[PDB]
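Per PDB author numbering, the very first residue in the sequence shown carries number 1; after that it's consecutive. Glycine included, every Cβ here is placed at the ideal spot set by N, Cα and C. One structure is given here, and the rest of the page talks about it.
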Amino acid sequence: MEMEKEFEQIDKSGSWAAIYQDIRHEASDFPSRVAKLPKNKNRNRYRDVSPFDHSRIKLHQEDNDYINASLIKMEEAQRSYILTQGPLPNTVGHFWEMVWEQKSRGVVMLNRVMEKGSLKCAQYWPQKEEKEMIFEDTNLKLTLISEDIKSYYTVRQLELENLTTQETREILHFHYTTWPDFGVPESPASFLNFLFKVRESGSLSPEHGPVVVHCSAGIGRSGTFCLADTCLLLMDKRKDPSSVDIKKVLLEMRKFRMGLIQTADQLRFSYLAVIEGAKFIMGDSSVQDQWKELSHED
Ligand SMILES: O=C(O)COc1cccc(Cl)c1
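Structure follows, in structure tokens:
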């Protein structure tokens, strides 16, 4: 079925939980043996969220190459993403090693450091220009260059230096600050405005390594971001945009990391975002300005 009227049909029939459970039943199951080795216990934030062996990112390090991160490679859309957990106190150095080794330009952060009164990830970037960070275990230095705080999100320019070679690179940090503690946003307008800002920066393009996207576990909000991006790219590429099947795209992405999209509410929101985004893309370009306005980012 098409998307927007499949949507109206699930809403009127109140069957989002059943649609979502079908996806959970059909999703791939692949081994994650490296993640479960005892030496890696303090490298995993959640015991039930692990990367598959076949798609895990390997650190370039002969002692222990493990990080809880997965490469999602979308063949038709010609986009790749790295999805990862929020860094832990003992993995912040590994995180920036991965960014360096995979040649990523952008990092997309969809959570706040504290939510629901508990810590959801480590403070893994510097908050003041004059107070840079040094990661001794991986020999990297990280400096804040500039910060632009808007109503729904913040963009930071960072400098990452490999202290072994004295090479330096510019990394862009895209921080969505307004996802509610419970549930999903009422309107996808600010999330789509945010996605388009990431796109406009070059961070998702083939001349760079894959963008790194994370939330707390790296499957729920993170899954919503790449599912919406990939579906919109396919609708632009194809002769028949109504042939994009969001459930089939989601199952393809779940070949590469478990558990993407964590609730039936997140699934419904993903439909909403793709539907609204397909109107602003057209051929209607003015819709982009509309989202910006409706997002009240100032
Ligand atoms: O389902 C659960 O309770 C555990 O898995 C997660 C933990 C934190 C965040 C997210 Cl999205 C999932």
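Comparing the CB of residue i with every heavy atom of ligand 1, is any distance shorter than 7 Å?
i           : result
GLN262      : yes
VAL99       : no
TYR46       : yes
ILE23       : no
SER32       : no
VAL213      : no
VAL49       : yes
residue 311 : With the chain covering 1 to 298 only, the question about residue 311 has no answer from this structure.
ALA217      : yes
Where does residue i sit, in a helix, a strand or coil, going by DSSP?
i      : result
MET282 : coil
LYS197 : helix
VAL249 : helix
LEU59  : coil
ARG221 : helix
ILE275 : helix
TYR152 : coil
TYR81  : strand
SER243 : helix
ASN42  : helix
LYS73  : strand
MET3   : helix
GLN21  : helix
Can you tell which of the options has its C-alpha closest to the C-alpha of residue i?
i      : options                           : result
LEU267 : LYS255, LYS248 and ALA278         : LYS248
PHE135 : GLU293, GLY117 and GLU161         : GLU161
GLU8   : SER286, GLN290 and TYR271         : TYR271
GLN262 : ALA228, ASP11 and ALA217          : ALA217
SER104 : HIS208, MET253, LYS292 and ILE275 : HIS208
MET258 : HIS25, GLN288, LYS150 and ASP137  : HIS25
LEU250 : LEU163, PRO241, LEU260 and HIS60  : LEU260
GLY106 : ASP63, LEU227, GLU130 and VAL155  : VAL155
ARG45  : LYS12, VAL212, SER32 and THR84    : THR84
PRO188 : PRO31, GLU97, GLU293 and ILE10    : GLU293
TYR176 : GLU170, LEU163, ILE149 and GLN157 : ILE149
Quick one: is residue i buried, meaning 16 or more other Cβ sit within 10 Å of its Cβ, or exposed?
i      : result
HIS173 : buried
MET109 : buried
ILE145 : exposed
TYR153 : buried
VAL184 : buried
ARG238 : exposed
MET114 : exposed
So is the beta-carbon of residue i under 7 Å away from any non-hydrogen atom of ligand 2?
i      : result
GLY183 : This structure lacks ligand 2; the ligands present are ligand 1.
Touch test, the region 31-45 against the region 272-292, Cβ-Cβ under 8 Å, three pairs minimum: Result no; under three Cβ-Cβ pairs closer than 8 Å.
Report yes or no: do three or more beta-carbon pairs, one from the region 63-73 and one from the region 19-28, lie closer than 8 Å? Flag = no, the region 63-73 and the region 19-28 do not touch.
Please confirm if the region 40-57 is in contact with the region 188-202, defined as three or more CB-CB distances below 8 Å between the two stretches. Contact between the region 40-57 and the region 188-202 is absent, because fewer than three Cβ pairs lie under 8 Å.
Meets three-Cβ-pair contact criterion under 8 Å: the region 122-140 and the region 84-91: Three or more pairs of CB atoms, one per stretch, sit closer than 8 Å, so the region 122-140 contacts the region 84-91.
Count the C-beta pairs between the region 231-250 and the region 71-82 that are closer than 8 Å, then say yes if the count reaches three, no if not. Contact between the region 231-250 and the region 71-82 is present: three or more C-beta pairs spanning the two stretches fall below 8 Å.
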